[PDB]
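For reference, the structure is listed below as structure tokens.
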Protein chains: 2
Amino acid sequence: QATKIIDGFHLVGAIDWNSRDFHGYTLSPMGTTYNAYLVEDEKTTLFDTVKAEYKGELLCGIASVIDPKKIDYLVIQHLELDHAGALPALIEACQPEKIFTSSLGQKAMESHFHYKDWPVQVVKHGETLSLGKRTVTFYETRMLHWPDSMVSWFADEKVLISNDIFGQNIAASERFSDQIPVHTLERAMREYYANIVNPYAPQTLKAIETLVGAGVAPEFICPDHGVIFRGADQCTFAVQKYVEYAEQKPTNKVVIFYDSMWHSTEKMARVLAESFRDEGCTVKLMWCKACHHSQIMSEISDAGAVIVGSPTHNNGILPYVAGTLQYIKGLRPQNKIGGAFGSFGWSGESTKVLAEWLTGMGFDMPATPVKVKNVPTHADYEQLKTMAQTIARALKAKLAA
Amino acid sequence: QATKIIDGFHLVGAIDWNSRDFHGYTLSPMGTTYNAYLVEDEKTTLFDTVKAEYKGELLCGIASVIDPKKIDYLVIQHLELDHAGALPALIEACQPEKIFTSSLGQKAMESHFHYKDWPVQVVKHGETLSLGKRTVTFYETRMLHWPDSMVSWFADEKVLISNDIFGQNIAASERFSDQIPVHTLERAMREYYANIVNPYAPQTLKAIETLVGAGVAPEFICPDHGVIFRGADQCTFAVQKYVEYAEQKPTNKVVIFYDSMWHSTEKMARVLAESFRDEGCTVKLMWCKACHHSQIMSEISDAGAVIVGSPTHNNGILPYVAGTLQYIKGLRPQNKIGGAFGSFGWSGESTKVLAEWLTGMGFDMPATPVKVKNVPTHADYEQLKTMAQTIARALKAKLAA
Ligand SMILES: Cc1cc2nc3c(=O)[nH]c(=O)nc-3n(C[C@H](O)[C@H](O)[C@H](O)COP(=O)(O)O)c2cc1C
Ligand SMILES: Cc1cc2nc3c(=O)[nH]c(=O)nc-3n(C[C@H](O)[C@H](O)[C@H](O)COP(=O)(O)O)c2cc1C
């Protein structure tokens, strides 16, 4: 069951084909995997752990290479339970001599496991570790995407074990990046980044620079989820893209998302979608009842403009638009132009409220929100056409620098 | 397709068995109906209309009694499109002499239909209209649930035609309240009230005061949706209940709703549910990923305390919790004790935020929110039981005047 990466390095763990609800916050339409890394040396070391419920597959995999009693070192790089869920089981089965974790990792281990007597040892940034013939180097990557986050570097073998970093939610027979079509791989990478790492874009960038600062140029990047990046070109692929993702530069893409009860806000949205298309923008029109918030977020990640519609419902906006907005704000998308619109019957707060949201997210609002009393008319359409042109011109402007 | 209520009065329209998404904001798990009433007089009159897509079933039903072109009068009591959507088709088929609507109704009628030459005639609160042998009386019921809302009274026949008021989403072969079990009938009435009329509880009470003030004591109540209330006892039941619904008096019921990614907030919730039971409360423990916002609302309608849990997700609360609170805040539930709890990893804003939400809704917060770093301990459990005891204590007090 274990998969050879290179001599003495195996990928063990579990393929979770069925995962759809990914850890309660986003979706993983292609399932996911839980990746752990067994390193054979004087000190036999296991890097990462899996979801509690997959302890069996992990020990089965390990056992296919070595009797679990022979592992001496446990390296825990992230204390999220999909990574650390099996730690108690592995301690029991392996009776490790030393459990290695970052300084922030040990705190989180405590608050997650409240453990009595574990041979825990905190390593520090750039610290090194002899495993025998091989030596691992530890780098801290706080807030990527948790404070405990740290990565492991094998300078000689050029193997980076990156915990969630560079992860992608892909369940498949293929475990390496080069066995998978680029378009699939990449969309999965972006989906993954946009929905969890995005609010730590800056740390993304600083983290990459100092790893580059050090001599980290992998041939292997080994994430907790998805396929292994195999090859200096692939690993370079990975790092470029992370840089591109954290940078969040605008494109000629417009994402409009809305909800509606009686379709007036839907009609406005459809007209906006058409006007933008006329200004040369690529348009995604997404209904909140048909699109998960993480799906809107994935589309928003490389969009230049985000336009939001809601009718006024009980002195506010529809629940599903509010939820999606809360989601998006949390992930802190950068460099976007905002837009807002809706239908109302009397009090009309929705566009006011929508504008507060976007503004509060640092979105640029060149055009004022179009609000319409109930069912829109040709004039109202003219107004929307106008809002669309203003936004697009500003967009067009932004993309020229 | 027409149903004889009393001599010269027929129920026409459409049974919508498949309705689940009810008009974009709530659920109609039992389907719904679109009720219009044909009254045979010298001046033959049609009250209400149906969703546009059912104009055919409506005309067929109508025609079962009389040729549609014989209808003289159209009374439009609510301009929401499930009530007024077939108005254009009916003007066409009936060529009515007069369209009767409220003053605020004629307003909404233009911003929805933008009509050019319609014989619209505004009726006033208390105005009467001779239809020939019968005479109908019009009462205004603004914000029940739109400004244009008005109801129609047949004082001699003791027939109240009430638009959405008293409506229930029930699709069935049975069209009368006495043909369905009360518990079924009642639950649907509350579900209907709780998710659309609740913010207008005061108007609810006022309007009921004035109809009774005048001599409205119906033998039949005829709403837009669901079964007809047949018999003064039934009609008294309906009005009894609306008063009860609008009064929102506490009960010993606690509704706990939460979302969670790694189940620690769930465990806290499960503990809470048990303590509250221990305090002799009835508990509804509802997961936002499994329960529609409208469902939670229905449970909350007669609960005395609302407890909300969310882990901290990106410096805030989980989207589905936010969306549900948004929904709930708009429906303005009254006389409720609030509570909050959650797990966090570092920033810990969720309970802070939940508290601001509850307090902003005017909820009483006798107990401090319980927050836990990651995975809770017995001690944390102790805190929650304590929390549950404080809130329940406060509940009990309230329940004795
Ligand atoms: C359940 C419900 C709640 C409403 N509450 C409000 C309100 O608070 N303020 C408002 O101005 N109109 C409100 N309206 C009216 C809608 O905003 C109006 O019908 C609008 O045109 C609906 O847009 P849509 O077609 O995009 O659904 C409400 C309508 C519904 C059905
Ligand atoms: C997607 C993600 C985002 C997080 N966001 C934060 C954060 O902004 N602030 C914080 O203190 N905790 C954060 N946490 C940590 C969770 O709140 C912590 O794991 C908590 O125990 C989750 O509770 P739950 O088991 O009820 O899901 C985050 C964890 C996840 C997986």
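Keep in mind that the numbers below use all heavy atoms, side chains included, and drop hydrogens, waters and symmetry copies. When a ligand or atom number is given, it counts from 1 through the structure's own listing order. Just so it is clear: chains get the letters A, B, ... in the order the sequence lines come, proteins before strands, and each one is counted from 1.
The side-chain hydrogen bond (donor to acceptor under 3.5 Å, both in side chains) with A:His225 is formed by just one residue from the set A:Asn163, A:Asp82, A:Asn169; it is A:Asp82.
Among B:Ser264, A:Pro199, B:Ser343, the residue whose heavy atom lies nearest to atom 25 (O) of ligand 2 is B:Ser264. Of the candidates B:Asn314, B:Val372, A:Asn195, the one placing a heavy atom closest to atom 5 (N) of ligand 2 is B:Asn314. Here the shortest heavy-atom distance to atom 31 (C) of ligand 2, taken over B:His263, A:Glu80, A:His23, B:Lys373, belongs to A:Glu80.
Of all protein heavy atoms, the one closest to atom 11 (O) of ligand 2 is B:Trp346 N, 2.5 Å. The shortest contact between atom 9 (N) of ligand 1 and any protein heavy atom is with A:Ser347 OG, 2.7 Å.
Listed by atom number, the atoms of ligand 2 under 4.0 Å from B:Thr265 heavy atoms are 23 (O), 24 (P), 25 (O), 26 (O). Here is the list of ligand 2 atoms found below 4.0 Å of a heavy atom in B:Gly348: 11 (O).
Enclosure of atom CZ in B:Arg270 is not indicated, since only 12 or fewer non-hydrogen atoms of other residues, nucleotides or ligands lie within 6.0 angstrom.
The ring of B:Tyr25 has its center closer than 6.0 angstrom to the ring center of A:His313. When ring centroids are compared, B:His293 and A:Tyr320 come within the 6.0 Å threshold.
Within the structure, the closest approach of B:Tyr258 to ligand 2 does not fall below 4.0 Å when heavy atoms are considered.
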